[PDB]
Every structure is written in C-alpha cells, then in structure tokens.
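Quick mapping for you: the protein sequence lines, in order, are chains B and A. For reference, each letter of the first sequence is one residue, going 2 to 116, 126 to 201, 204 to 208, 214 to 228, 230 to 251, 257 to 319, 322 to 523, 526 to 756 in the deposited numbering. For reference, each letter of the second sequence is one residue, going 2 to 108, 112 to 198, 203 to 252, 254 to 756 in the deposited numbering. A virtual CB, placed ideally from N, CA and C, is assigned to each residue, including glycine. Working notes, structure below.
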Amino acid sequence: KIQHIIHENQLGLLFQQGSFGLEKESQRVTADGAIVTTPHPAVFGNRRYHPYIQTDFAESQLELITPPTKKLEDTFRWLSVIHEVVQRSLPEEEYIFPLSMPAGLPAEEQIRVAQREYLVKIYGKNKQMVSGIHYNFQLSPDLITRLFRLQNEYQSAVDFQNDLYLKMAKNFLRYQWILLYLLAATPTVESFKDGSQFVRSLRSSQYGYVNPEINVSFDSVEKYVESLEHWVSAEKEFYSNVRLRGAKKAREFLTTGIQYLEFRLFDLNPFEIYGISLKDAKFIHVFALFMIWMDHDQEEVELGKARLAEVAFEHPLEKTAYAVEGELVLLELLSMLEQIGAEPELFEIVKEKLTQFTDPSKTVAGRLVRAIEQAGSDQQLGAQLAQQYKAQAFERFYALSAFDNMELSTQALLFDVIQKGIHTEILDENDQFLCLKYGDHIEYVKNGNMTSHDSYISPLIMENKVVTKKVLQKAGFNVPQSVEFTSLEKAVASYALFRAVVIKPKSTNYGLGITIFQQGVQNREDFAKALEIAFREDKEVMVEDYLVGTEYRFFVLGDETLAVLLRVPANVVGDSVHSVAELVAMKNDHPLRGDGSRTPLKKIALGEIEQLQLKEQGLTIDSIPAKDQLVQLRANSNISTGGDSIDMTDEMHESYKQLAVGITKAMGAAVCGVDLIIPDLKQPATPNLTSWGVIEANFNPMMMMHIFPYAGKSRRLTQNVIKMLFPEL
Amino acid sequence: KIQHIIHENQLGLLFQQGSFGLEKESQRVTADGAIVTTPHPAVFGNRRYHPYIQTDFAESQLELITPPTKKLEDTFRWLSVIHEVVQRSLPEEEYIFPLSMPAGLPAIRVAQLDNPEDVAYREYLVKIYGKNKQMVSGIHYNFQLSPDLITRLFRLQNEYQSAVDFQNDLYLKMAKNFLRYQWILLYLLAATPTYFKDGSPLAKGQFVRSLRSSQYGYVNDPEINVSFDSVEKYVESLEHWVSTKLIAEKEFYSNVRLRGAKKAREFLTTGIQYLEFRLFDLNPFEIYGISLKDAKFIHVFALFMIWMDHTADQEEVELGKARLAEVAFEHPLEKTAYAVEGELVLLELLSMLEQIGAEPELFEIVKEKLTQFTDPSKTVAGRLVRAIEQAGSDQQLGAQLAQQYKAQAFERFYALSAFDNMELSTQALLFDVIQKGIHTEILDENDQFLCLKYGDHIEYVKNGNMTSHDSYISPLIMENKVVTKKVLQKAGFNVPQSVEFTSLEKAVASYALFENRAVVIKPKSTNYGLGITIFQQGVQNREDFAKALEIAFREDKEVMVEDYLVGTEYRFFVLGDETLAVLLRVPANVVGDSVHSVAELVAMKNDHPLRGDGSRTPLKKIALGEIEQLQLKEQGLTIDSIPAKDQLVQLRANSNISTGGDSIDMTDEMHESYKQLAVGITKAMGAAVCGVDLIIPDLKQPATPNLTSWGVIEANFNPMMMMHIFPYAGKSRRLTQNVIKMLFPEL
C-alpha cells in the first residue's frame with residue numbers, strides 16, 4: 002500500500018510517531034581482546050526470563066535488549082543503562098567487545114555455547139561468533155488507522171498493514187546498500205582468505226553467514243507464507264536483512280497481519296559506546312519512512330540485494346559504485362522532511378550523510394580503517410576500546426548514566442532490577458514511581474522503600490509521633506518523654522515529675540529560654556528559674572528528657588536489622604603531615620564526593636565555620652596535623668555539611684539491633700528505618716534509658732548512604748527489598 | 002504511716018493523679034416506668050466479651066462500664082457516650098431508668117450468661133437473697149493511686165522496707181477511714197428514699217435518707233466479718249469464710266472493696282491494685298446518674314482518708330457503719346445527727362486542698378457541700394423527696410426523667426456528644442465500636458487515630474476508613490492523579506486523557522490526534538477562564554482548533570488539551586471486592602409543592618435536625634442570599650414569589666453540600682455495570698477501601714468502554730462515609746459497620 006495523501010491531510014507528526022525495539026550482540030572478552038571463554042555471570046537474572054540481558058549462541062556472546070519505547074530517546078536511555086549494569090556486573094578480568102568481527106577466535110572445542127547442532131553443523135560454530143545490532147521499528151497504529159480510512163482501495167485493515175509493511179521492507183532491501191555504505195564496521199576478521214587490504218563490510222559480504231539463493235516473496239503476505247512454508251517442504260533459516268517478526272508463525276499473518284519489522288542489517292559501531300548513535304537510529308527511522316514514502322518488483326529487490334553484496338566487498342576508502350542513486354535517495358529524503366515539518370536535527374543529520382557520499386572518510390566504514398590501521402590490528406583497537414568503555418563507565422559507579430536525576434536510592438534499585446532481570450516501567454521519572462513485573466506477578470515501589478508490604482497505617486503511625494510515642498511505650502520500649510505546660514504555676518508544681528531535662532519555649536528565637544540540665548535537676552530553685560526565662564518567650568513551654576550518647580540509625584527490613592549507619596561531622600585525619608587544605612582536597616578527590624544530593628557524599632569546605640572550629644583545635648588551613656590527629660571541621664553530623672557516614676552493622680551490639688527490629692514490628696512496617704541514641708554501642712542493652720532511647724522512626728528510609736558509605740562495608744539494601752517483593756526469584 | 006507529713010517533697014500534684022473507673026447499673030424500662038421484662042437488645046456486642054455494655058444480673062438490669070481513664074474528666078465523656086449509645090440502641094419502646102429504686106417490680113428475669121458457672125452462681129445467689137434486693141441498681145466508683153506517686157511515697161517511708169506492704173497498708177488505711185466517714189458521703193448523695205421490695209418499713213411518704221444502706225437493703229448476713237486491719241488478716245478472714254460460708258470472695262458484700270484480686274492472697278505478693286466504692290445510689294437529676302463535681306468530690310475525699318494521720322480501729326470502723334446506717338435512715342429534710350463530724354471532716358479537706366495547691370474548682374465544690382449541711386433541702390436526698398411529691402410517686406418521676414434523657418440522646422442522633430469535635434465519620438465509627446464492644450482507645454482525638462483491640466487482635470484506624478488492609482502504595486498511587494491515570498489506562502478503564510503542548514506549532518501540527526474527539530482546550534494557568542475554549546461536539550475545524558490553541562498560548566506558557574466529559578457525576582464507595590454504596594449530590598433546592606414561598610419553603614427544609622454547619626454536620630442549611638436570589642430570578646421566581654406545584658427551584662449551579670445541596674443514595678438505582686467498575690478501579694489501585702468518582706451520562710443504560718458512554722472523574726483514598734451514612738433523601742447506608750466487620754471478621 003503505497004500512497005501519501007498523508008501530506009494532503011498534514012499527518013506529519015504521526016508518521017514520526019512509532020515504537021522502537023533494539024537488540025545488541027557484543028562478545029564478552031578479556032583485556033587482550035580475546036574471547037572470554039567463560040560462563041555467563043551468576044548475578045545476571047536467569048537467562049530464561051531476563052528480558053534485558055541474555056545470551057544468543059556462545060555463552061560468551063551476549064545480547065542486550067531494550068524495551069520498546071514511543072521515543073527513540075528512551076531506547077538509548079535504556080541501552081545506556083543496560084550497558085552500564087553489564088559493565089559493572091562483569092568480572093574485573095572480563096570486558097565487552099566494540100566491533101562485530103571477533104578479534105581473537107578460539108577453536109571449535111573451546112566454545113561451550115552453554116544453554126542448534128544442525129544449524130551449527132551446516133555453517134559451523136565460528137560464523138555464529140559474529141555480533142550485530144538489530145533495530146526494530148513499528149508504525150504507530152493511530153497513524154496507520156487514520157491512513158486506512160483515506161485509502162478507498164483496501165477493504166481489509168490487515169491487508170493495508172501487511173501491504174504497508176511489505177512495501178517498507180521490499181523498498182528497504184532495494185536501497186539497503188546505502189545504509190550499509192554509511193555505517194559498516196565489518197572490514198576484517200582474524201582467520204580462510206586474507207580476502208581480496215580492507216572491505217566495507219564482511220558480513221553483508223558474501224563470506225558471511227548473513228549473505230540464500232532461494233526466492234521468497236515479499237510481494238504478498240499470502241505469497242510469502244507459501245514460499246516460506248513450501249521451502250520447509257523453518258522460520259529461523261531465512262535471511263532477510265529486514266525481517267518480518269510480527270507473528271509467531273507465517274500462517275498467523277493471514278489471520279492477524281504483520282505487527283512490526285526487525286532490521287538485522289547493522290554492524291556494531293566501535294566509535295559509539297553502546298554500538299549505535301542516536302543520530303544513526305534517527306537516520307534509519309527517517310530512511311524507513313522514505314522506503315514507505317517513495318511511490319516506487323522482486324527483481325529490483327534482487328538487484329538491490331546484489332548491489333548490497335558488492336558494496337560490502339569494496340574497500341571502504343574507495344568511492345562507492347552508486348553514490349548517484351545514494352545522493353538521489355538522500356535528496357528526496359530531505360524533501361520528505363520538508364513536507365512533514367521534521368525537526369531541525371534531522372536536517373542536520375541527512376545533511377552530514379550527504380557530506381559523507383562526497384567524502385568517503387566521513388563514512389563510518391572509512392573512519393574506522395584509518396583508526397584500525399593506526400591501532401595496527403583489528404584486535405588492538407577493539408581491545409583498546411573495551412577498556413575505554415568499561416573504564417569510562419566506572420567513573421560514577423553509584424549512579425546510572427541513564428537516570429542521573431532519579432534519587433540515588435532509586436537509581437540503584439533500577440540497577441538491581443535490570444541486573445536481576447525483573448521487568449520495570451518508569452511510571453514517573455520525576456516522582457520515582459517504578460512498576461515491576463516478573464511473570465504474572467506485579468509490584469509497585471515508590472522511592473525504593475515504599476512497597477505493597479507496608480500497610481498505610483504504619484507510616485501513618487510514625488508521622489504522628491504522639492501515636493508512635495504512645496504506641497511504642499506500650500510496646501514497653503524506652504521512649505524519651507516530653508511534657509508540655511500551658512501554665513507556669515502548674516509547672517512549678519510539677520517539679521516532682523522530673526533526671527536530665529531541657530526546658531524550651533514552643534516558639535523562641537536566638538535560643539531564648541532553653542535551659543539544659545544534663546545530669547542536673549538537683550535544685551528546685553534553679554528549675555523554677557528555668558521555667559520563668561522560658562515562659563517569657565512563648566505561651567507554652569516544654570520539658571523534654573536530655574539524653575547524651577552517639578546516635579545511630581538501623582535499617583530494618585522484615586524481621587532483622589539489615590544495616591546500621593553512624594554519621595560523623597566533617598573532618599580530616601592528621602595522618603598525613605599535609606596542609607589541612609592540602610589534606611582536605613585529598614578527601615574530596617573521591618567520586619562519591621559531590622554536592623550532597625547528586626552524590627552520596629558532600630564536599631568539605633574550609634570556610635569560616637570550618638576555619639573557626641579548626642582554630643579551636645589550634646589549627647589553621649596551613650597547619651600540618653600531627654599523625655593520627657583527627658581534626659573535626661564541623662560540630663554538625665549532617666553530611667550536607669560534609670560529614671562521613673560509616674557502617675556500624677558488625678560493630679553495633681545485637682541487643683539494640685533486635686530492639687530496632689522489635690520497634691519497627693510494633694509499628695507494623697516491613698521496611699522502617701529507626702534512629703536511636705546509644706551511649707555505648709559495645710555494651711549490652713538494658714531496660715534503663717541510660718543505655719539507649721528511641722529517637723525517631725522513618726516511614727521511608729534512605730538506603731543510599733547505607734549502600735554507599737564513606738567508610739565501612741557497603742550493605743546493599745535494594746536487593747533485600749527486591750528479593751522481598753518477588754521472593755520467588 | 003502518714004503521707005500527710007511528706008507534703009515536704011511537694012507531692013500535692015502527684016496526689017491528685019490517679020486512674021478512674023466507674024460502673025453504673027440501671028434497668029431498661031418502659032415509658033410507663035415498668036421494668037422492660039424483655040431480652041437484652043440485639044444491637045449490642047456479645048455480653049460475654051462486651052467491655053462497655055453489659056447486664057449485671059437481671060436481663061432487665063444493664064450496667065455501663067467505663068474504661069479507666071487518667072482523668073475523672075474523661076470517664077464522663079465515655080459515660081456520656083456509652084449511655085447515649087445505649088439510649089439509641091434500645092427499642093424506642095424501651096427507655097432507661099434513672100433512680101436506683103425499682104419502679105414496677107415483677108415476681112421475672114434471668115442472667116442469660118453463656119458460661120454455666122455464672123448461671124449457677126446467679127441461681128445460688130438468687131436463692132441466697134431472693135431477687136428483689138438484687139433488682140436495685142447503683143454506681144460503682146473505682147479509684148487507683150498513681151504508681152509513681154506511691155513509689156515516691158514509699159522511698160521516704162523507712163518503716164516498711166517492702167513496696168507492696170506499703171501499698172497494702174495505704175489502701176487499707178484509706179478503706180478503713182472511708183468506712184468511718186462514708187456516712188458523710190451517703191448523706192450528701194442519698195438517692196434511695198423510697203412497696204413489694206420492702207414495705208415492712210412504715211411508709212406514708214415517710215422516706216428515709218437511703219433505703220439501701222439500711223438493714224432491709226441487702227447485706228447477706230450479720231455473722232460475716234473480715235478485718236481490714238492487716239492484709240494478711242483480711243485474707244485470713246476471707247479465706248476462713250470461703251473455706252466454711255460465702256460461695257466465693259466476689260460474693261463478699263461491702264461498701265468498699267479491694268481489687269485486682271484474682272484471689273485475696275495473691276495480694277501478698279501482688280499488692281492491692283485499687284479500690285472499688287459502692288456506697289453510691291444513682292442520682293435522678295444528673296443525666297448519666299452521677300456528676301463530675303460529685304465524681305471529683307469523692308476523689309478528693311478519698312485522698313483525705315489518705316491525708317489524715319489517724320487510721321480507724323476495728324471499733325472505730327464498726328462505729329462508723331452504725332453511724333452511717335442511722336444517718337441513712339434519717340428523714341431527708343432533717344439535719345444529720347453527726348453533722349459536726351461532717352463539718353469537721355470537710356474542714357480538714359480544705360486545709361488539704363490549700364496545702365496541695367489544688368485547683369480553684371475543687372474549693373468551690375466542697376464549700377457547696379458545707380452549705381448543704383446548713384440546710385438539707387439542698388441535699389440530693391432532700392431534693393429527691395421534693396421531686397417525688399411532684400408527680401405524686403417515686404415511679405412517676407423516674408419515667409418523666411428517662412423520657413427527658415432518651416430525648417436528649419436522640420437530638421443530634423448523628424453525632425456522639427462526648428467527642429462532638431471529631432469528624433462525624435469517626436464519631437460514627439466510635440459509636441459502632443462501642444455498640445459492638447471492640448475495646449477502643451483514642452490515641453489522638455485531633456489527628457483522628459484510633460486503636461481497636463479485641464481479644465489478642467488489634468487494628469489501628471485513622472480517619473475512620475484507613476486500616477491495616479489498605480496498603481501504602483495505593484494511596485501513593487492515588488495521590489499522583491497522574492499515576493492514577495497510568496495504572497488505570499492499563500486495566501482498560503475509560504480515563505479522560507490530557508495532552509500538554511509547549512510548542513503551539515506542534516500543537517496545530519498535532520491536530521489530527523483529536524478531531525472528532527470532544528476536548529476542552531485550556532492554558533495551564535489562567536485567570537477568569539481567559540483562553541479556555543470548550544468543545545462539546547468535538548474539534549470540527551483546523552481553523553477553529555488553531556484559534557483555540559492560539560488564544561490559550563497568549564494566556565499561558567504551557568498549554569494542556571484535555572478530554573471533555575459530560576454526564577451526572579457519581580460517587581461509588583467501594584470496600585473490598587464489593588461496592589457498598591453510590592451517592593449523588595444535587596444543587597441546593599426546594600420544591601414548590603407546598604405552595605409556601607421560597608422563603609417559607611427553605612425554612613421548612615432547614616428545620617431538619619441533620620441540617621447545620623456543613624463541617625460540623627452532614628448537611629448545610631440552604632441560605633437565600635443574593636447569589637441564591639439571582640438563581641431565583643432566572644426561574645422567574647423571587648424569595649416572596651411562590652414556587653408552584655411540585656416545581657423544582659434550583660438555588661445553586663454546583664451541587665455542593667458546602668452550599669446546601671442535598672445528598673441522595675443511588676446504590677440500588679444505579680446500574681450494576683458501573684458498580685463493578687468501581688470495584689475494578691479499586692482493584693487496579695490495589696486498595697481495600699476506595700471511594701471512586703465516576704461521570705455517567707445515564708444510570709440506567711448498560712456501560713460501554715467509550716468515553717461518551719462512560720468515564721472516570723477521580724480516585725479517592727479517604728472516602729467520606731457520613732455523607733453515605735446520612736443522605737438527605739437517600740436510604741442510609743452505614744459503612745462503618747462494613748469497615749469494622751472487615752477489620753474483625755472473627756467477631
């Protein structure tokens with residue numbers, strides 16, 4: 002079905018609308034560039050059900066799959082993320098491989114290909139080691155439907171879909187060589205003939226598995243079904264550079280038609296990190312539409330296919346045989362953009378491609394030869410490029426490039442999900458609402474911690490505090506008591522009830540009225556005075572217990588305390604006889620140090636608050652701290668200032684840890700985070716408030732400082748959560 | 002020892018602190034005044050487990066038990082509420098009985117306890133003393149001293165060594181003294197001045217101050233006696249009699266009783282937890298059979314027994330009771346024989362209050378009491394005799410008074426008075442919990458958090474319908490409104506969709522998307538509806554479409570086009586897997602049927618009890634203001650003007666309860682299909698309770714997917730039950746019961 006009244010009805014935005022799927026095969030490899038020759042990583046979710054990351058043929062060869070997305074931009078986001086999860090999950094020794102043509106190729110015995127023999131037998135194990143990028147595009151149904159009405163001619167919707175897809179495929183084949191001229195990365199291979214110096218593309222080139231001499235028919239869905247089905251007298260064997268992947272069986276196409284098209288034409292791009300460029304994917308999209316668009322038989326296709334294989338073989342450097350056909354295609358394509366009012370970016374892209382016809386070196390094929398030549402070996406550049414990419418990605422290990430904005434608790438959850446093979450949808454990028462489904466089972470999480478497993482009332486309880494206080498004391502736990510007096514005369518009377528307390532005004536400024544009795548309510552007269560000063564400042568004054576001790580935070584999931592975090596005020600240790608400034612800068616060199624929100628840790632600054640306190644320590648920016656002399660630069664633990672979080676899970680006594688599990692269970696929360704004040708972590712727990720006191724309960728606990736502590740073992744909470752949700756895994 | 006001298010550590014504030022309980026016994030009775038002579042109401046929870054409402058002995062005799070509270074102030078709200086729940090629960094035919102004295106006694113009734121032992125116990129008891137004396141009912145006053153004040157008392161007292169012995173000795177001292185002076189309490193508060205029960209006493213209107221504390225009032229025997237002198241002795245006394254012969258220790262009858270008692274002896278390790286005082290007769294003049302002032306009076310008095318240094322000797326205690334009996338038998342109008350003792354006794358009380366820095370109010374109370382010694386006319390007993398003569402009989406007043414109170418309970422049927430301030434939804438749940446008997450406690454009156462505990466099962470509910478079964482993700486899903494939309498489009502429910510355009514050019518370009526779709530085009534943020542274009546039929550032209558988008562952009566930076574919906578909006582209340590109710594709300598109105606003017610018409614409609622503040626009551630009274638008066642002009646009517654003949658006059662354009670619109674139950678009237686959708690939407694949300702708002706062109710026609718057929722307005726995670734419980738014109742659907750059951754299905 003080829004016609005474009007679309008322009009007559011101005012449906013420009015719709016032709017662009019669509020969906021984009023994407024698979025990339027890369028070979029797991031050593032630093033040398035050799036094939037990994039080892040098993041698929043255990044961390045990765047089951048090869049059977051893991052949607053994003055799987056293994057195609059060789060256990061060593063790996064395939065990354067991006068979910069389908071309405072915007073080409075979101076595909077890359079995913080690809081980027083999947084690649085980073087993989088790089089970071091991959092063993093330190095093993096690495097990913099940039100190019101399609103394997104650089105170091107093993108004997109047949111070597112490749113286990115752990116989970126095809128007949129298929130393997132007919133062409134052999136080695137050809138299968140070739141790796142590529144499959145690009146799948148499907149037209150927006152709305153777009154098509156609008157189009158179907160306009161066509162008086164077609165009585166069946168499926169025929170029109172079928173016909174439209176067929177048109178696109180047939181046409182894409184006809185001009186598919188230009189794509190191959192622009193982006194071919196298969197010039198060389200390690201092993204019969206050294207070949208006719215270089216070639217544009219070996220795969221498309223005859224001596225590739227991809228290159230069949232059986233005539234199928236893309237003219238009619240029915241025809242193709244019969245040509246295909248009769249050739250049996257299955258689905259896997261046919262090589263179509265564009266593939267009809269719409270349905271499980273060809274017959275079903277008569278019943279249901281073709282739902283989308285998968286293009287197998289492409290080679291990995293060594294220059295781009297994930298093997299594709301957003302621009303190239305966009306280019307392809309526009310190109311597919313041009314296929315459909317052009318008003319435009323088997324032989325023309327067959328001719329096209331022939332032009333495809335010759336262009337492959339040609340040395341990339343030398344000028345293409347049919348730049349002329351190519352220039353004409355790109356020019357009409359420019360025209361196509363005019364009428365659809367395509368965004369400017371596209372214009373820039375087709376323009377650059379036009380430049381490429383003229384300058385062969387600007388071509389992806391051509392650029393690679395100089396560089397590969399410069400590396401001196403197919404293996405040398407590939408291997409060189411494996412380290413750059415793994416290495417480039419390990420820069421911000423805590424955060425996923427794809428979703429830098431999402432909270433770190435949430436970014437990490439993502440990682441876990443993608444690595445474990447659970448299928449996830451970002452319902453709100455901005456609100457950190459994730460939807461996770463594995464199998465029929467579906468579970469929604471928000472901000473990582475919030476799960477189905479938490480009743481609403483738990484959080485409801487913790488927010489209130491009066492309730493928590495009243496509910497916790499009944500639990501029998503030690504809860505610090507607050508006493509509030511409307512009237513001062515009553516307060517003097519109430520002196521019997523208080526111990527170490529602080530008397531403050533509900534609302535005061537400049538700390539007025541605050542009186543602190545630490546180990547101190549010894550005389551009634553001083554107590555009375557404290558109330559008076561307090562009472563001038565506000566209509567209501569409060570009396571609260573004052574407990575001194577370090578403060579800890581226990582992350583509790585389920586029945587056990589998962590982790591414990593201590594926070595300490597900005598400081599540098601004096602070990603180095605280095606300028607504290609010199610010493611400070613040294614502490615900020617770690618990637619985990621950035622502003623507080625974007626990175627797990629904040630960056631200490633030697634400002635006047637910090638400078639002032641140092642002076643209390645006797646120091647100056649310039650002083651060199653004696654070995655093992657810790658200087659604190661703040662009296663405030665919040666890491667906002669630059670405090671260090673240190674894991675205390677092992678160091679903390681288990682008495683409290685059970686107390687923390689005891690407290691959160693009383694609240695009814697499966698994932699609550701408890702803040703406690705404990706004078707002696709080391710000494711065993713007691714009923715007396717002298718040992719400890721419960722200071723707070725959090726409905727949505729942090730995760731991230733736990734996962735990425737400045738010092739101390741990293742306890743990963745997101746997996747505990749992930750397992751908790753879908754325990755079946 | 003004497004706590005009195007240890008006011009040196011300024012324990013006056015500690016002294017006032019305590020735990021307070023209360024048990025009041027009354028007999029459900031007919032307006033006639035005759036006993037009910039029928040079964041315990043169905044509505045109340047099971048008698049075996051019910052903590053708030055029960056029957057002491059006679060099925061006809063019911064007793065209200067208030068949960069202990071830190072303040073005597075609160076027990077009364079509990080009491081007020083419990084008695085209101087009881088008043089509302091009885092068949093209209095049945096009323097409550099105010100006086101202690103049985104009105105018309107049959108010769112009758114049975115315990116009706118599920119356990120065998122109780123029936124045997126009551127049977128043995130009815131046989132021991134007959135059943136008439138049992139018939140009489142009265143308040144019990146339970147008071148427990150704060151444990152912290154006791155510890156402080158104890159720390160100073162070197163004499164005891166053991167904490168419990170101190171606790172036993174204190175309570176004992178308090179009991180003894182109470183017995184000697186208890187007569188003072190009865191005189192003030194005698195309420196039993198007045203045939204079948206005890207006509208042997210000569211009566212010609214010749215009333216005694218209190219019939220109960222007299223010999224004819226049931227004391228099982230002269231021979232039974234136990235010493236309060238020592239806990240160890242008391243126990244020996246109770247033991248010996250049980251051994252051989255009260256049936257048990259509970260059968261021991263006395264005006265003050267030790268408690269927390271599994272058995273007396275366990276006190277020797279456990280200590281005495283608290284005391285129960287039974288001297289009191291229901292008083293006819295206070296709505297709930299006792300007053301706060303009087304409740305308080307006893308507390309201070311109880312303290313005084315502690316405060317005085319002296320403890321009464323066995324002789325003293327015995328003398329006390331004889332005195333109390335004589336005083337109780339005296340004629341109400343005459344002055345007490347030992348009135349000076351009373352003046353002296355109340356005199357110390359004052360010194361004590363002054364010393365402890367007690368509240369200003371208390372001084373007021375005791376004084377009133379002194380005034381009462383000068384002239385007995387003021388005493389409840391003296392007052393009662395006056396009142397009894399008014400309708401000529403003991404019984405007549407009791408029926409007039411019961412009537413007076415059941416009426417009070419029924420004004421504001423919709424709200425529980427103890428906690429008027431709480432949301433209606435919550436007062437309503439409270440009611441239901443109390444009627445059902447789930448032990449309930451309020452953690453924050455203001456935040457609305459409640460704690461319901463039955464057996465070893467407890468559930469925490471905030472705002473009436475927020476419970477354990479509801480999970481946390483659902484609310485978050487519903488908060489978003491955007492996320493709400495995504496979860497919902499997946500299930501396939503019809504949800505209107507909004508598309509936002511930053512670029513006008515793209516908007517015009519993207520025009521095809523909505524053509525024969527009825528869209529409302531509006532700027533993100535606009536004033537006076539500026540730039541808002543509505544398209545009821547659909548976007549017919551490119552040109553009309555461009556103008557609409559063009560104009561909005563003039564108005565705002567970010568412009569949203571949203572799907573237009575039309576129909577009557579409906580509120581389904583979904584709980585669990587079933588939709589429990591559907592409610593619709595109409596614009597304030599009246600009907601001209603009456604031929605009254607709109608002014609008269611409206612006045613009649615507000616007369617309804619439910620109407621009041623929209624906030625403090627289910628429905629808000631229509632007001633005939635100018636905004637209301639304009640609507641009239643359109644109808645061709647005026648305030649004076651008379652609506653004619655069953656004509657609907659509309660006085661608002663917005664169907665808002667806030668402006669006096671009515672609420673109508675359409676549970677049954679609505680189509681089944683939509684109802685499943687509310688259950689369907691709730692499922693996608695994964696919410697146990699959800700209130701789902703749909704826009705529906707026709708109740709009656711079956712639902713179709715398409716928006717023209719069908720639509721969803723919004724998803725609410727805290728549904729407004731009271732509207733549901735009370736429609737202006739609907740059939741009441743109570744959802745608080747549905748909620749409770751789902752909470753405690755085991756019930």
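Would you list the residues sitting across from residue i in a DSSP beta bridge?
| i | result |
| --- | --- |
| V529 of chain B | B:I543 and B:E571 |
| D237 of chain A | None; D237 of chain A has no bridge partner. |
| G19 of chain B | B:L149 |
| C699 of chain A | A:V583 |
| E578 of chain A | A:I704 |
| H144 of chain A | A:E24 |
Report the rounded CA-to-CA distance for residue i versus residue j, giving the unit in angstroms.
| i | j | result |
| --- | --- | --- |
| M317 of chain B | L174 of chain B | 12 Å |
| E552 of chain A | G720 of chain A | 29 Å |
| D671 of chain A | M178 of chain A | 59 Å |
| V123 of chain A | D303 of chain A | 35 Å |
| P197 of chain B | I299 of chain B | 17 Å |
| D572 of chain A | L452 of chain B | 21 Å |
| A418 of chain A | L574 of chain B | 50 Å |
| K272 of chain A | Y242 of chain A | 12 Å |
| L219 of chain B | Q364 of chain B | 37 Å |
| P341 of chain B | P385 of chain B | 8 Å |
Name the two residues that bound the continuous alpha helix (DSSP H) containing residue i.
| i | result |
| --- | --- |
| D303 of chain A | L301 to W316 |
| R126 of chain A | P120 to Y133 |
| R274 of chain B | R274 to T279 |
| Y185 of chain A | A167 to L192 |
| residue 111 of chain A | Within chain A, residue numbering steps from 108 directly to 112, and residue 111 of chain A belongs to the interval with no atoms modelled. |
By the DSSP assignment, the beta strand (DSSP E) with residue i in it spans what residues?
| i | result |
| --- | --- |
| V599 of chain B | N598 to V600 |
| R743 of chain A | From DSSP, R743 of chain A is part of no beta strand (DSSP E); its letter is neither H nor E. |
| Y683 of chain A | Taken as a continuous stretch (DSSP letters only), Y683 of chain A belongs to no beta strand (DSSP E), being part of the alpha helix (DSSP H) at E681 to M694. |
| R287 of chain A | Where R287 of chain A is concerned, there is no enclosing beta strand (DSSP E), given that its DSSP letter is neither H nor E. |
| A724 of chain A | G720 to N725 |
Fill in: Any 3 or more C-beta pairs closer than 8 Å across the stretch 515–531 of chain A and the stretch 577–594 of chain A
Not touching, per the Cβ criterion.
Item to complete: Indicate whether the contact test is met: 3 or more Cβ pairs, each with one atom in the stretch 695–711 of chain A and one in the stretch 606–624 of chain A, closer than 8 Å.
Response: Judged by Cβ distances under 8 Å, the stretch 695–711 of chain A makes no contact with the stretch 606–624 of chain A, as fewer than three pairs qualify.
Worksheet entry | Members of the stretch 464–490 of chain B near chain A, C-beta cut-off 8 Å | Taken in chain order, the members of the stretch 464–490 of chain B whose beta-carbon sits within less than 8 Å of a beta-carbon on chain A are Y469, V470, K471, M475, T476, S477, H478, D479, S480, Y481, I482, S483, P484, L485, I486 and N489.
Discussion item. Any contact between the stretch 178–198 of chain B and the stretch 328–343 of chain B? By contact I mean 3 or more CB pairs, one from each, below 8 Å.
Written reply: Yes, since at least three Cβ pairs between the stretch 178–198 of chain B and the stretch 328–343 of chain B fall closer than 8 Å, the two stretches touch.
Practice prompt. Determine, using beta-carbon pairs with one atom in the stretch 296–309 of chain A and one in the stretch 360–374 of chain A, whether at least three such pairs fall under 8 Å.
Written response: Between the stretch 296–309 of chain A and the stretch 360–374 of chain A, the count of Cβ pairs shorter than 8 Å is three or higher; the stretches touch.
Worksheet item: Is the stretch 681–699 of chain B in contact with the stretch 469–480 of chain B, if contact means three or more CB pairs nearer than 8 Å?
Response: Of all C-beta pairs linking the stretch 681–699 of chain B to the stretch 469–480 of chain B, three or more are shorter than 8 Å, placing the two stretches in contact.
Worksheet item: Relative to chain A, which residues along the stretch 645–672 of chain B have a C-beta separation below 8 Å, given in chain order?
Response: The residues in question: there are none.
Item to complete: Pull out every residue of the stretch 13–41 of chain B whose Cβ sits closer than 7 Å to any Cβ of chain A, in chain order.
Response: Residues of the stretch 13–41 of chain B whose Cβ lies closer than 7 Å to any Cβ of chain A, in chain order: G13, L14 and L15.
Fill in: the stretch 488–496 of chain A contacting the stretch 489–508 of chain B, beta-carbon criterion three pairs below 8 Å
The stretch 488–496 of chain A makes no contact with the stretch 489–508 of chain B: fewer than 3 CB pairs, one atom from each, lie closer than 8 Å.
Discussion item. Any C-beta of chain A within less than 8 Å: which residues of the stretch 695–713 of chain B qualify?
Written reply: Within the stretch 695–713 of chain B, the qualifying residues are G695.
Worksheet item: Taking any Cβ of chain B, which residues in the stretch 442–459 of chain A have a Cβ under 8 Å from it, in chain order?
Response: Cβ contacts with chain B: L452, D453, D456 and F458.
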